[PDB]
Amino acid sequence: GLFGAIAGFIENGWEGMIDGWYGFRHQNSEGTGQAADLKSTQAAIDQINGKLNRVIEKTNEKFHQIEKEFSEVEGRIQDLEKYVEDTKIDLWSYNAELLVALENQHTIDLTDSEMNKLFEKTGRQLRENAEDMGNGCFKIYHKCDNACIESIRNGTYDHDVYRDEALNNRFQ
């Protein structure tokens, strides 16, 4: 995708994450764990539902039309009837092919985008108390107990609290 996260700097996905689309894995002194990010997950899902609902929007209802199968050879009028229908079908078949190609490219790019938004947001939250390892993982340079991890994940992590500690560990 355009943002280089999914199938990019993030090596692969997590089959274990069954309660969300994007999320967090951590290691600290208390062990290791996993949690889904609801907001990113919901942003992707809402966009995908949005496009799905636009695409399946019922828009055509037709009644009496032209005949499209013929039991007799007739020539000119029938040639025209068949050509009109064949023309229509090819144009609609093209529309359908193009639609799915554009939609799917965009769905891949928007999902890649949402991964990237979460990663950049997290990075910003951590300010100077962490470093980007380059594989979607932050090395956090201080004691970050489970209350501290959950603080990062639920948007309450105050970086000032841990800054002196972390700055010291980083420039040694």
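Think of the rigid core as the biggest set of C-alphas that the two forms share within 1.5 Å after superposition. Numbers follow the displayed sequence, beginning with 1.
With 55-63 and 114-122 as candidates, the stretch whose CA atoms show the greater average offset from this form in 6 other deposited structures of this protein after a core fit is 55-63. Legend: mean Cα B-factor per stretch from the PDB entry, 160-168 versus 19-27; the higher mean is in 160-168.
Mean CA B-factor, 32-40 versus 48-56: the higher value falls on 32-40. As recorded in the PDB entry, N129 shows the highest C-alpha B-factor of the residues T107, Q65, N129, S113. Placement of the Cα temperature factor of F119 within the chain: middle third of the modelled residues, per the deposited record. When all modelled residues of the chain are sorted by CA temperature factor, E69 is found within the lowest third. Ranked within its chain, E103 lands in the lowest third, by CA B factor from the PDB record.
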